[PDB]
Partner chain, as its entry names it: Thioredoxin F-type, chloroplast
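Only one chain is given next, in structure tokens, and it is the form solved without its partner chain.
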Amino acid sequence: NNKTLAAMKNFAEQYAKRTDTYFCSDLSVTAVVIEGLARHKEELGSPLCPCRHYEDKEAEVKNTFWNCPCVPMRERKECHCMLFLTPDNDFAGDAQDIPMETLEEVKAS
């Protein structure tokens, strides 16, 4: 759901601005995580974090801990996927926006 891919991109950009967090300096990292969130949202109904493995994804989405923005990000601003990085982080660039073109390249592959 390409509408969902665009909705997820907008979410990421708005959430980064609201939390004073920044995207990875390598925006393809960001794009891969945004595409995984959308994929999960299409498959499972919720944006289950894409940079983890699970024993039971349906149970995870019901529990809600790892649905984006996850518990660790909401409470401690910790994002294991490196989608939302605090300004001090070595991998933080300066963008809080990602060109749609960049996500389209990840859909291309």
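Numbering follows the first chain given and starts at 1. Shifts are known only where both forms have a C-alpha. Basically, rigid core = biggest C-alpha set you can superpose within 1.5 Å across the two forms.
We do not show the form solved in complex with its partner chain, though everything after this point is about it.
- In the deposited complex, at least one heavy atom of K107 sits within 4.5 Å of a heavy atom of its partner chain.
- Residues of 27 to 58 placing a heavy atom within 4.5 Å of its partner chain in the deposited complex, in sequence order: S28, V29, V32, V33, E35, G36, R39, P50, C51, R52, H53, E55.
- Shifted region between this form and the one not shown (core-superposed; runs of 3+ residues, all CA displacements of 2 Å or more, residues common to both forms): 106 to 109 only.
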